[PDB]
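J.: Next up is a structure, given as structure tokens.
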Amino acid sequence: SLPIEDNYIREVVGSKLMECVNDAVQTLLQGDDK
Amino acid sequence: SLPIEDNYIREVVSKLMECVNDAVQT
Amino acid sequence: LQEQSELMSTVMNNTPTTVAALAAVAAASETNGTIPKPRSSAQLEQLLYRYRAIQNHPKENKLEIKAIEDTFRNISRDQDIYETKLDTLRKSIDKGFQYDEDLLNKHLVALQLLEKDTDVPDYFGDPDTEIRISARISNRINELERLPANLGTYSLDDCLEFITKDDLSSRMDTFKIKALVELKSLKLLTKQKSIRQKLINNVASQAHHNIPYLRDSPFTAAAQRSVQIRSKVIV
Amino acid sequence: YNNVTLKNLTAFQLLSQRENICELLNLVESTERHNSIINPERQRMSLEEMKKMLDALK
Amino acid sequence: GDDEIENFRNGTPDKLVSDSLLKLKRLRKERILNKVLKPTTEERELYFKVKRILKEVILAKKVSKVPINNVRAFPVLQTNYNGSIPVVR
Amino acid sequence: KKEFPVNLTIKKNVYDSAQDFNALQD
């Protein structure tokens, strides 16, 4: 657990849709009218 | 040009409605 | 041919008069490619003071004294240019600006980091770039390996201890330990790489006996079943 | 690509599982994949090739 | 000399501090990405420009903090000595 | 966040290299 060359890494080297779909199917499985 | 403390440098440093409107109809 | 360093070599050897670089068109103009207008504050300017003060005694064998004295006029001019420019700066200051501290905080921090060549955050494969990493690592080791071994500290807290002529205060090696942890960890880097090679390739080479959602997947549980199918015996 | 991986099988399943749910809400079109496999001008050309094969074999 | 700060001190003095450290950071990025070590003459001469700006604000404007964040220590050389017991071969 | 600390008191100045400490000047 030692950052040794981690600075040299930082020196040289500087979705939402299906979530709301999975939210929407969660809403369809609450009301059976849907 | 006096050096600064290390614990001070570390101290200073639409897609919703496309699916909701489809969920209300069917 | 390092004309500004051969004068330093002649000064450090205390014999800048016995040779005095032998200033002609073949020697004083070959190492220059007019003297090249040195860069330091006084480390290369006090050299030209002693070089002129030594060459005041021959005064005619060395034709480059006119080239040195012309830059003596340029040094006295640009200091006089700045001394009028510093005076016109100190009058051109607006009497009210009220310089913001948290930007000067970001100006004191970012200037101090950019002085000693480290990466500054803004808050405002590929072996080509692999050599450019290891050329900065080896840059650091060769800079740590030029510090003297007898390095000591002095905190502002020792006056409460009342150190005598020979008291051996315990804050003397608070810079010497930190300079050897740094120098030796920059050599054991391929040592922790081999352990991390043996760590990652031992916890991830199974990947389906400890991870629950992978061993409870359909394709893995069927495949681990399928490799354990014993052979059917004929008759 | 001739082989499949555990990464390839789950990505094949999850992409196929999300598109059928993307048809009920109809936030995807999927009209190009319908009519190109229907292809009703080919379907009558299939029929006309079946219609001539009645005429040729009679 | 100065040649730019007298014109700029009639307005704000801090914008040249912000715009030149970004040039110092960009030239240093071009220094690491070129496998070079020594700083260029264009950014060293630009470096002494930045320190001259902040000094005069501390000199004349006298900023209300000028914050003191020091490590309260500095490296010094200490004496060294060989032992006095002679060597045994 | 565990970060490797920055040692500015050991680092020699790069742009000037004449305002270093007297133990770090050679």
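Labels for the structure tokens follow display order: chains A, B, ..., residues from 1 in each chain, ligands from 1.
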Return the neighbours of chain B among the residues of chain D, cut-off 9 Å, counting only C-alpha atoms, as a PDB file with C-alpha atoms, in the first residue's frame.

T.:
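The resulting file, part-v3.pdb, is shown below:
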ATOM      1  CA  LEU D  24     -42.711  -1.730 -24.369  1.00  0.00           C
ATOM      2  CA  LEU D  25     -41.974   1.890 -23.493  1.00  0.00           C
ATOM      3  CA  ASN D  26     -41.023   2.423 -27.186  1.00  0.00           C
ATOM      4  CA  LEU D  27     -38.064   4.700 -26.526  1.00  0.00           C
TER       5      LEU D  27
END

J.: At a cut-off of 12 Å, using only C-alpha atoms, what residues contact residue 19 (chain E)? Leave out same-chain residues fewer than 6 positions from it and give the result as a VMD selection string.

T.: (chain C and resid 107 124) or (chain E and resid 13 25 to 26 46 49 to 50)

J.: Just N, CA and C atoms for this one: save the residues we selected as a PDB file, in the first residue's frame.

T.:
ATOM      1  N   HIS C 107      -1.732  31.456  -5.307  1.00  0.00           N
ATOM      2  CA  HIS C 107      -0.547  31.968  -5.987  1.00  0.00           C
ATOM      3  C   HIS C 107       0.725  31.663  -5.207  1.00  0.00           C
ATOM      4  N   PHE C 124      -8.516  26.161 -10.681  1.00  0.00           N
ATOM      5  CA  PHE C 124      -8.547  27.554 -11.104  1.00  0.00           C
ATOM      6  C   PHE C 124      -9.902  27.912 -11.699  1.00  0.00           C
TER       7      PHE C 124
ATOM      8  N   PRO E  13      -3.158  43.667 -10.705  1.00  0.00           N
ATOM      9  CA  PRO E  13      -1.854  42.996 -10.802  1.00  0.00           C
ATOM     10  C   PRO E  13      -1.909  41.472 -10.794  1.00  0.00           C
ATOM     11  N   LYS E  25       3.062  25.952 -16.317  1.00  0.00           N
ATOM     12  CA  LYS E  25       2.612  24.568 -16.226  1.00  0.00           C
ATOM     13  C   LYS E  25       2.612  23.896 -17.594  1.00  0.00           C
ATOM     14  N   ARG E  26       2.268  24.645 -18.645  1.00  0.00           N
ATOM     15  CA  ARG E  26       2.224  24.071 -19.987  1.00  0.00           C
ATOM     16  C   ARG E  26       3.624  23.807 -20.524  1.00  0.00           C
ATOM     17  N   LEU E  46      10.450  34.109 -17.499  1.00  0.00           N
ATOM     18  CA  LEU E  46       9.056  34.291 -17.126  1.00  0.00           C
ATOM     19  C   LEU E  46       8.810  34.008 -15.651  1.00  0.00           C
ATOM     20  N   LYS E  49       9.500  37.111 -13.510  1.00  0.00           N
ATOM     21  CA  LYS E  49       8.414  38.069 -13.678  1.00  0.00           C
ATOM     22  C   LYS E  49       7.326  37.871 -12.632  1.00  0.00           C
ATOM     23  N   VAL E  50       7.019  36.616 -12.287  1.00  0.00           N
ATOM     24  CA  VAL E  50       5.894  36.329 -11.398  1.00  0.00           C
ATOM     25  C   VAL E  50       6.245  36.700  -9.963  1.00  0.00           C
TER      26      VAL E  50
END

J.: So what do you get for CA of residue 68 (chain E) versus CA of residue 16 (chain E), distance-wise?

T.: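 Value for the CA of residue 68 (chain E)-CA of residue 16 (chain E) distance: 23.3 Å.
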
J.: Smallest atom-to-atom distance to chain C: which of E:76, E:20, E:53, E:82, using only C-alpha atoms?

T.: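 Of E:76, E:20, E:53, E:82, the one nearest chain C is E:76, counting only C-alpha atoms.
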
J.: Quick check, in Å to one decimal: how far apart do CA of residue 115 (chain C) and CA of residue 8 (chain F) lie?

T.: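 According to the coordinates, CA of residue 115 (chain C) and CA of residue 8 (chain F) are separated by 9.4 Å.
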
J.: Give me the residues of chain F that have any atom at most 10 Å from an atom of chain E; for each, the nearest atom pair and the distance in Å, rounded to one decimal. Use only C-alpha atoms, sort by chain and number, and format it as CSV.

T.:
residue,atom,partner,partner_atom,distance
F:8,CA,E:71,CA,9.8
F:9,CA,E:74,CA,7.1
F:10,CA,E:75,CA,8.0
F:14,CA,E:39,CA,6.9
F:15,CA,E:44,CA,5.3
F:16,CA,E:44,CA,7.4
F:21,CA,E:75,CA,7.1
F:22,CA,E:76,CA,7.1
F:23,CA,E:76,CA,5.0
F:24,CA,E:75,CA,7.7

J.: Could you write out that same residue set with C-alpha atoms as a PDB file, in the first residue's frame?

T.:
ATOM      1  CA  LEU F   8       9.933  20.779  -0.871  1.00  0.00           C
ATOM      2  CA  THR F   9      12.634  21.414   1.751  1.00  0.00           C
ATOM      3  CA  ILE F  10      14.808  18.724   0.148  1.00  0.00           C
ATOM      4  CA  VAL F  14      15.053  24.361 -10.767  1.00  0.00           C
ATOM      5  CA  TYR F  15      14.422  27.804 -12.262  1.00  0.00           C
ATOM      6  CA  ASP F  16      17.020  29.720 -10.217  1.00  0.00           C
ATOM      7  CA  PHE F  21      19.648  26.292   1.356  1.00  0.00           C
ATOM      8  CA  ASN F  22      23.337  26.572   2.160  1.00  0.00           C
ATOM      9  CA  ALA F  23      23.547  22.855   2.949  1.00  0.00           C
ATOM     10  CA  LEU F  24      21.954  22.198  -0.470  1.00  0.00           C
TER      11      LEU F  24
END

J.: Tell me which protein, DNA and RNA residues are within 8 Å of residue 79 (chain C), counting only C-alpha atoms, leaving out same-chain ones fewer than 4 positions away, and put them as a list in words.

T.: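 The neighbour list is residues 75 and 83 of chain C; 1 of chain E.
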
J.: Using DSSP on the backbone, list every residue of chain B that comes out as helix (DSSP H, G or I), and give them as a list in words.

T.: residues 6, 7, 8, 9, 10, 11, 12, 17, 18, 19, 20, 21, 22 and 23 of chain B

J.: Report as a Markdown table the residues of chain C within 12 Å of chain B, each with its shortest atom pair and distance in Å (one decimal), using only C-alpha atoms, ordered by chain and increasing residue number.

T.:
| residue | atom | partner | partner_atom | distance |
| --- | --- | --- | --- | --- |
| C:102 | CA | B:12 | CA | 9.5 |
| C:103 | CA | B:12 | CA | 11.1 |
| C:104 | CA | B:12 | CA | 12.0 |
| C:105 | CA | B:12 | CA | 8.4 |
| C:106 | CA | B:12 | CA | 8.1 |
| C:107 | CA | B:12 | CA | 11.6 |
| C:108 | CA | B:4 | CA | 8.6 |
| C:109 | CA | B:9 | CA | 7.1 |
| C:110 | CA | B:9 | CA | 9.4 |
| C:111 | CA | B:1 | CA | 8.9 |
| C:112 | CA | B:1 | CA | 6.9 |
| C:113 | CA | B:3 | CA | 9.1 |
| C:114 | CA | B:1 | CA | 11.3 |
| C:115 | CA | B:1 | CA | 8.7 |
| C:116 | CA | B:3 | CA | 10.2 |
| C:120 | CA | B:13 | CA | 9.6 |
| C:121 | CA | B:13 | CA | 7.5 |
| C:122 | CA | B:13 | CA | 9.0 |
| C:123 | CA | B:13 | CA | 7.5 |
| C:124 | CA | B:13 | CA | 10.9 |

J.: Those residues you just picked out, can you put them in a file as a PDB file, in the first residue's frame with C-alpha atoms?

T.:
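New file selection09.pdb:
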ATOM      1  CA  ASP C 102      -7.331  32.826  -1.398  1.00  0.00           C
ATOM      2  CA  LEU C 103      -6.001  33.588  -4.871  1.00  0.00           C
ATOM      3  CA  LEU C 104      -2.662  34.594  -3.346  1.00  0.00           C
ATOM      4  CA  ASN C 105      -3.020  31.328  -1.413  1.00  0.00           C
ATOM      5  CA  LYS C 106      -3.395  29.720  -4.827  1.00  0.00           C
ATOM      6  CA  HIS C 107      -0.547  31.968  -5.987  1.00  0.00           C
ATOM      7  CA  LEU C 108       1.827  31.169  -3.118  1.00  0.00           C
ATOM      8  CA  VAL C 109       1.142  27.427  -3.366  1.00  0.00           C
ATOM      9  CA  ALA C 110       1.326  27.080  -7.160  1.00  0.00           C
ATOM     10  CA  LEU C 111       4.493  29.185  -7.401  1.00  0.00           C
ATOM     11  CA  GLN C 112       6.206  27.082  -4.723  1.00  0.00           C
ATOM     12  CA  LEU C 113       5.272  23.873  -6.550  1.00  0.00           C
ATOM     13  CA  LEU C 114       6.344  25.193  -9.967  1.00  0.00           C
ATOM     14  CA  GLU C 115       9.738  26.245  -8.546  1.00  0.00           C
ATOM     15  CA  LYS C 116      10.989  22.745  -7.721  1.00  0.00           C
ATOM     16  CA  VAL C 120       0.342  21.320  -9.893  1.00  0.00           C
ATOM     17  CA  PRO C 121      -3.405  20.599  -9.826  1.00  0.00           C
ATOM     18  CA  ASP C 122      -5.378  23.395 -11.456  1.00  0.00           C
ATOM     19  CA  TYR C 123      -8.279  24.328  -9.093  1.00  0.00           C
ATOM     20  CA  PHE C 124      -8.547  27.554 -11.104  1.00  0.00           C
TER      21      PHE C 124
END

J.: Kindly provide, as number ranges by chain, the residues of chain F having any atom no farther than 10 Å from an atom of chain B, counting only C-alpha atoms.

T.: F: 1, 3-11, 13, 19-20
